[PDB]
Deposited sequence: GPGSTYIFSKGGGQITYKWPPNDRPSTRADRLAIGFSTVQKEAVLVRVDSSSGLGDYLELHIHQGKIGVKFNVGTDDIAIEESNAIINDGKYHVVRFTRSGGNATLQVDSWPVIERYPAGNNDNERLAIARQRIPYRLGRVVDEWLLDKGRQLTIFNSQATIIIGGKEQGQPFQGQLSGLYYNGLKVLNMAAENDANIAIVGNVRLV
């Protein structure tokens, strides 16, 4: 609903949990709509408190949307490698995590149906789901500990997002809506504006 345009030079929307409600979770739900033409960008990153490795990162690499996270132990990647999503068009991404398991869903509305065939078409929903499962007898770690910041825009990774982000949802937090409503725990910097 609340859409922010990240213009030339990039920008950043930061949400800081009250230093005293910093959550630790077994499961996560993230949703965001986006449009971009970028080959590479970081869209959203949830980092833990200083001194901890835990993080969750939504990014685009080689035109493809994916999420990388760490919850103690190994870095875990889930990527949707069939859709090229950097076409300046709208897409919705949905990510869930349960311990080391993870699901990623990417919806798109292509207007083309393919010796491929350039057939202009009525746009239709094309959904892709990827599930990643780990099979140890509950052996690796499962908790994203002490979540401190949700940073939207990718500047801190040296990979700024340019284009449109909307409708961010994270564990009950409608972060871009809270930004729009001038939430005390949100800071906006750079070339970012509310549509």
query	finding
Stretches with no C-alpha position, numbering per deposited sequence from 1	1-2, 117-126
